[PDB]
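# Descriptive analysis of the structure
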Amino acid sequence: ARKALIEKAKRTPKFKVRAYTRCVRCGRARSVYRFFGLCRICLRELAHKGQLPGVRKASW
Amino acid sequence: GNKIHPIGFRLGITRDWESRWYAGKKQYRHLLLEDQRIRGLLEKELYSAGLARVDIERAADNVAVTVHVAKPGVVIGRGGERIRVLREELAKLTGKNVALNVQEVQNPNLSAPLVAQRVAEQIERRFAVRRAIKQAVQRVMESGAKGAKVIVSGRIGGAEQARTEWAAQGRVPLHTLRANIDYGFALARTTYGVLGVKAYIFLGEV
Amino acid sequence: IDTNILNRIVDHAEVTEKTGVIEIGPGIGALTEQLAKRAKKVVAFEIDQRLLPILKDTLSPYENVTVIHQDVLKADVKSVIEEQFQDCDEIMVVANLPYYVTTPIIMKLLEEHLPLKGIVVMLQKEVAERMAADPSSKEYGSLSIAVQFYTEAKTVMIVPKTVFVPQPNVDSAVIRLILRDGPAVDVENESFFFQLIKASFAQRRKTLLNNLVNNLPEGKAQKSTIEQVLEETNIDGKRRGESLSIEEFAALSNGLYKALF
Amino acid sequence: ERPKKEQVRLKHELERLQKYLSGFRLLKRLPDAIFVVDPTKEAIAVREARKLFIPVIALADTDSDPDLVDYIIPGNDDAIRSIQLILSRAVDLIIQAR
RNA sequence: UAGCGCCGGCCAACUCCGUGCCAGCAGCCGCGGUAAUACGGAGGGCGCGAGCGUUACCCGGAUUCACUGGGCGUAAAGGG
RNA sequence: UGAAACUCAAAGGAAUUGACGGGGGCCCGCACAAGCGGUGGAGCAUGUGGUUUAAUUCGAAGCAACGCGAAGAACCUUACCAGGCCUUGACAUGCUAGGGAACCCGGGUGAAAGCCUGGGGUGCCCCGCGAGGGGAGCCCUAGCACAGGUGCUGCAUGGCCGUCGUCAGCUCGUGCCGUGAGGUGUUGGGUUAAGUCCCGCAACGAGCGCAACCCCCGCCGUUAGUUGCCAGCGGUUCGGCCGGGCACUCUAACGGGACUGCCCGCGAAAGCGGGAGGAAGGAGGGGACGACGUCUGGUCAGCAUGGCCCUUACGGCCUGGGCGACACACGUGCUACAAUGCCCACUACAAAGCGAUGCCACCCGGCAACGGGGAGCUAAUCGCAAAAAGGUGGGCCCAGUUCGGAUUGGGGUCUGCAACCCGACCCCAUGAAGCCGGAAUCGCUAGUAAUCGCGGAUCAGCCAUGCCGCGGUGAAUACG
Ligand SMILES: [Zn+2]
């Protein structure tokens, strides 16, 4: 999650299968969700904050 | 321990989402990124005026930003100059003819974020933590607010070992859904590190 | 903190949304907070670095209060009134003052010819008596003459020692000084007017002649002129010195200097 | 407006409060005197009355302490008949003398 | 001609520099290992003043030999 | 009978709060017991300890680390190693010493990064006369600030998480008791999942807790009938396929309903054992929910941040390797050791999900994975999608076997710029140990265990037997 790596993951890397996703909030490259583009930790924080529309605590 | 977010616990009922809009899977993440950028900019700029809440809604390629501020004059500025330049900045950020709105929070002692940021500001000014917390809880308790609670994290008064302070008064039932508990977080950056301030306020029931 | 008594002082000042208020040495901001809720604009002069964070924090919920970090003496008050009070009719000064800077801080404001309406302050009871003194009450002196020549004075009440949590050594009193419409008495020779006023009370228990001739080398040379002018102005250096009214001093400051000016 | 269950809880609370605090509801302020059937069974009550300089009237019996009671009626505390007689006479006197 | 003691609590009189369990202070409780009102020096203050402190000794505080004026079940104290 | 010299600033008595006992008593919980399945034996998958290594990047360490961070290591990820290169640098705001402000094409060098570079520049931007000229348009290399760091301390911290523990406790106001610390409330009997209630009692209440409010499932109503449903009606080419209707199922909003509510008996009371009614009866089943605090618990490698350190390298880019090694040991799993079984055909019955670079119906070719055509679908419309165990028919006959399914040889497909290190899925060859596993040990009380399939996140593809959900068939025992 170095600044350099963050910036490097935003250029067309000469090949199709080199580009990978990073957390748009913290540059995490481990557990990003494609639907949101946020890592699990950032997802949880924003979900709790109520800043994610339509997302709530699941219970069944 | 490990209490969960008192707002996230009540997103369905007694509270509401800060962002209210719809987007399909194709164009969800982009709107969220724009939204986060807007929030960042607003927090950065309007901090002086005492921001407490930012609401974003979308109808059709439009943005209706509502800012809840203790002091609306600062935001508006003289002859509506500052509000206009802020609108210009936001519109330049994203070409979506944004429609900024300003509301004044009634009785600014009854908003938990305001209380939290005030306590953090006090801590930054090398105040006495315990006394400040007691006074803050007292002021919240004065103007209704059936329950009040303030927590300051640790590293008190440039000490070596961290410790929690916690002054509270009244009913703060974190276990009840129909509580209408207003919550606020703040971060106080001092020369000996960072401190966390949390404020809970309890405004009746149902 | 002195509770509702603060709200009392402002009550004796009668400020509203019409008025702008100048605060001198606010301190914590006990009086400033009370003034803020009742005044359209509040301005403050604070020069102590240690009390600044506390004062700022106390003023956090408010917006119509401005604090300028500069000593009153050095700063031009006229300009501050010009900007800060562009949109208010009545301009008033409410303050509580440190013991050393009590009179000179008043004198600076009075000398500057500010558009101030009234100065309602808390001072020493002794100083309050001296400022507002009837003739031959042993309180009559340079202070009384000067103030009443500039501004009409009125002591409201006496604040007892048994108010402040740290009990002081001397009691306090609240006074009002309303700026008169123009000089009280017509005399062009303001400087020598004040010279005469201060010289006449050089020795309180002495006579006018003693307090006149002893002062000033020319005066100590030309004795007879003083006497003949005094008799010209229908005054004599025998009565006491402390029994004279302001207009009498006006007549003397006209005549005596008219002899040599 | 409430979950029935909540109404049931409130009703139980009301029932308990009604059971214990009935009659006592008429005291808007501290009483003027006090009337005790048995001063020994009612040691706490007598002591509380003493502490607040309130006159004490008792229907004391053999196993009682006559010193703690100002106005004492030496009689039976059992024997339902005696309770009825004394209380009836007292209440009649109160009602008549109003 | 104006000195002498003191300024942590007893006990009236507070800050800045030097040292860092060292040098030292000390009537008792105790202060001294880097933010010392307790050590050393300054500024300031307090008490007395041709004097002010220290040591020694006696009475007091000591109802701590109790006649005024104490106690003995478990605190020292009922005899095998 | 009975000293003193010397030392110390205490030595003591009663009682209070807590800690601890290997002091005792009471209660609870798959803790033991009664059962059903496993683990430890074997093969393989994966994570650790060790060892080799150029590096085998790090953090995690009893329960509460060990299918953990990692919901996706062939390059990228990547933080480690070996080489090949750059120094205001990928990225930020500036400062101002000549381009001159600007974009595009192209060659040598070549493992690539980078380096050296030549030609059309894109020039105007106002328009001083204008014939170069003032710059807000834009970019190269030269000036200083500075970028930066997965470099180090979780024993400087914030945030968030784990655990005791969803255990039932942790406190306060006023009153009363005690000279005082303090106590009572909160202790005693009974009962409960529970300081949950009841009685007694100098307490009477409240706050954080338990409970309830919230969600799903179980029943019945109004609202509404498409892309869903089909009792009668008319159609039928046999398909709710058609006209038709929203009765029924269903879909999703608002409601009702269960509260010891009503009768019998016991009990002082809370309640207790039965009985109606009811879809459901004593908390109906499940979830979300985690008090004061404990563990110097965990994370400076998600992020923020105090402090220390490097700034021609501990920063930055690229190529190749490693994280996948291997005499061994430990953990969590998967597949079996067979006849209540194995293989082969025919035939059924679900729920919850996902999809416009995608899902792929249908056709053809290939034995096969797949390839080529190709509709339909932003989807209660189309598709993935055959559900599997099951039921019927046939074979197999106790044999390391038509049980197993490792390892090896060859051929073929797709993803990808590239499958050697190290991808998956195929087709033909061989057929490994393994005949129910010692001491010990783990889970589970009901739609549960056991067993059987399906979907999803991550993701070009996948080393997933993992994780999070969905349903199908459905035991036993709980004396204590
Ligand atoms: Zn993130």
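Header annotation of the entry names cryo-EM as the structure determination method and lists the resolution as 3.4 Å.

### Details of the packing of aromatic side chains
Summed over all chains, the structure comprises 12 aromatic pairs over all chains. Ring plane angle 50 degrees and centroid distance 5.6 Å describe the contact between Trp21 of chain B and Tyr28 of chain B, whose orientation is recorded as tilted. Taken individually, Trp21 of chain B and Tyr28 of chain B each receive the classification buried, so the pair is uniform in this respect. Three or more aromatic residues joined by ring pairs form one cluster here, namely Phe35 and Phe36 of chain A together with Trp21 and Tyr28 of chain B. Lying across the ring of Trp21 of chain B, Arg58 of chain B places its NZ or CZ 5.7 Å from the centre.

### Concerning the pattern of salt bridges
Scanning all chains against the criterion turns up 24 salt bridges over all chains. Put simply, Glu112 of chain C and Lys108 of chain C hold a salt bridge, and the shortest N to O gap is 3.5 Å. Classification of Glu112 of chain C as buried rests on a relative accessible area of 16%. One salt-bridge network, held together by shared partners, links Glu18, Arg20, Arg53, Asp55 and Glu57 of chain B.

### A few points about the protein's contact with RNA strand F
Neighbouring RNA strand F are 73 residues, the closest being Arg22, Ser31 and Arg44 of chain A, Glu160 of chain B together with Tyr20 of chain D. Between RNA strand F and the protein, one listed contact pairs a phosphate oxygen with a backbone N or O atom of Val172 of chain B at 3.0 Å. One of the side-chain N or O atoms of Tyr20 of chain D is found 2.7 Å from a phosphate oxygen in RNA strand F. Mapped by element, the contributors of at least two residues to the surface near RNA strand F are α1 (3-8), β1 (32-33) and α2 (40-49) of chain A, β7 (181-190) and β8 (193-202) of chain B together with α1 (4-21) and α2 (43-51) of chain D. By residue class, the composition of the surface near RNA strand F is 28 nonpolar, 13 polar and 32 charged.

### Digging into the sheet that holds β7 of chain B
All names here are of chain B. Taken in spatial order, the four strands line up as β6-β5-β8-β7 in an open sheet, and their pairing is antiparallel. Each of the sheet's edge strands pairs with one partner strand only, and the pair in question is β6 (167-170) and β7. Across the sheet, the mean angle separating the axes of adjacent strands is 10 degrees when strand polarity is ignored. For strand β5 (residues 147-152) and β6, the ladder comprises four bridges, and the chain directions are antiparallel. Its bridge partner lying in β6, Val150 is registered against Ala167. Along the sheet face, helix α4 (residues 112-124) touches β5, β7 and β8 and points at about 20 degrees away from the line of β7. Sitting on the sheet, helix α5 (residues 129-142) is in contact with β5, β6 and β8, with an inclination near 20 degrees to β6.

### Regarding the interface of chain A and chain B
Taken residue by residue, the interface counts 17 residues in chain A and 18 residues in chain B. Taken together, the two surfaces of chain A and chain B that pack against each other cover about 1,600 Å², and 63% of this comes from carbon and sulfur. Of all residues in chain A, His48, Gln51 and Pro53 of chain A give up the largest surface area on contact with chain B, accounting jointly for 35% of the area buried on that side. Connecting chain A to chain B are zero salt bridges. One can count six residue pairs in polar contact joining chain A with chain B.

### Concerning the UniProt feature "binding site: Zn(2+)" in chain A
Residue and element names in this part refer to chain A. Cross-referencing UniProt, the feature "binding site: Zn(2+)" maps to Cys23, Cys26, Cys39 and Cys42 in the present numbering. Judged by maximum C-alpha separation, these annotated positions cover 20 residues in sequence but sit close together in space, the widest gap being only 8.2 Å. Along the chain, the position of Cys23 falls in the loop between α1 and β1. Beyond its immediate chain neighbours, meaning those up to four positions away, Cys23 contacts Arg28, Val32, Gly37, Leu38, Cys39 and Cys42. As for its placement among the helices and strands, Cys39 is situated in strand β2 (residues 38-39).

### A look at a positive patch on the surface
Judged by side-chain charge, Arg34 of chain A together with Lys25, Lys26 and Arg29 of chain B come together as a positively charged surface patch. Position of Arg29 of chain B relative to the elements: it lies in helix α1 (residues 29-45). According to the relative accessible area criterion, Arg29 of chain B is partly exposed, its value standing at 35%.

### What to know about the interface of chain B and chain C
On the chain C side, the residues contacting the seven residues of chain B number eight residues. Interface of chain B and chain C: buried area, both sides summed, is about 670 Å²; carbon and sulfur atoms make up 50% of it. Connecting chain B to chain C are one salt bridge. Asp57 of chain C is paired through a salt bridge with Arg118 of chain B; the nearest N and O atoms lie 3.7 Å apart. Our count for the chain B to chain C interface comes out at four residue pairs in polar contact. Of all elements in the fold, only α2 (72-76) and α4 of chain B reach the threshold of two or more residues within the side of chain B that touches chain C.

### Things to note about the sheet that holds strand β1 (residues 34-36) of chain D
Strand pairing in a sheet relies on backbone hydrogen bonds, with the paired strands running either antiparallel or parallel. All names here are of chain D. Here three strands make up an open sheet; going across it, the order is β1-β2-β3 and the pairing parallel. Strands at the two margins of the open sheet, each flanked by one partner only, are β1 and β3 (71-72). Taken together, the two bridges between strand β2 (residues 56-58) and β3 define a ladder with parallel strand orientation. Each bridged residue has a counterpart across the sheet, and for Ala58 the counterpart in β3 is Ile72.

### Some remarks on the coordination of the zinc ion
All names here are of chain A. In this structure, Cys23 (SG), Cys26 (SG), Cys39 (SG) and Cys42 (SG) serve as the protein donors to the zinc ion, at separations of 2.3 Å. Classification of the site at the zinc ion as tetrahedral follows from its four donor atoms and the range of 105 to 116 degrees in their angles at the metal. All donors of the zinc ion come from a single chain, and their spacing in sequence reads C-x2-C-x12-C-x2-C. Of this pair, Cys26 sits in the loop between α1 and β1 while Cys39 sits in strand β2, and the two are 13 residues apart along the sequence.

### Thoughts on the packing of helix α5 (residues 103-111) of chain C against helix α7 (residues 142-150) of chain C
Residues and elements named next belong to chain C. Where α5 contacts α7, the two axes come as close as 11 Å, and the packing angle between them is 30 degrees. Note that α5 runs across α7; the crossing there is left-handed. Contacts between α5 and α7 involve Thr103, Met107, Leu110 and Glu111 from the former and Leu143, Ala146, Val147 and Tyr150 from the latter. Its residues assigned to classes, the contact of α5 with α7 shows six nonpolar, one polar and one charged.

### Observations concerning the environment of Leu21 of chain D
Looking at the secondary structure, you find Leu21 of chain D in helix α1. Owing to a relative accessible area of 47%, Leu21 of chain D belongs among the partly exposed residues under this scheme.

Calculation criteria
Residues numbered from 1 in each chain as written, not as in the entry; some residues may be left out. Chains lettered and ligands numbered in written order. Part of a larger assembly, values for the part shown. Heavy atoms only, no water. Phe/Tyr/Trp six-rings, centres within 6.5 Å; stacked < 30°, edge-to-face > 60°. Buried < 20%, exposed > 50% of the residue type's maximum accessible area, 1.4 Å probe, protein only. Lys NZ or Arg CZ within 6 Å of the ring centre and 35° of its normal. Salt bridge = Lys/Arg side-chain N within 4 Å of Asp/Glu carboxyl O. Near = heavy atom within 4 Å. Polar contact = N/O pair within 3.5 Å; in protein donor to acceptor, adjacent residues only side chain to side chain. Helix = DSSP H or I, 4+ residues; strand = E, 2+ residues; numbered from the N terminus. Nonpolar A, V, L, I, M, F, W, Y, C, P; charged D, E, K, R; others polar. Pairing = 2+ DSSP bridges. Axes fitted to C-alpha atoms, helices over the stretch in contact; angles between N-to-C directions. Contact = heavy atoms within 4.5 Å. Buried area = accessible area lost by both parts, 1.4 Å probe. UniProt positions renumbered as here; feature names shortened; annotations may be inferred. Patch = residues over 30% accessible without salt bridge, like charges linked within 9 Å, V, L, I, M, F, W, Y side chains within 5 Å. Areas by Shrake-Rupley, 256 points an atom, 1.4 Å probe, with all protein chains shown as cover. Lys, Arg positive; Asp, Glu negative; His and termini not counted. Charge placed at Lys NZ, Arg CZ, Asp CG, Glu CD. Donors = N, O, S within 2.8 Å, 3.2 Å for Na, K, Ca; no water. Tetrahedral: all angles 85-135°; square planar, octahedral: opposite > 155°, others 65-115°. Left-handed = near helix turned anticlockwise from the far one by under 90°.

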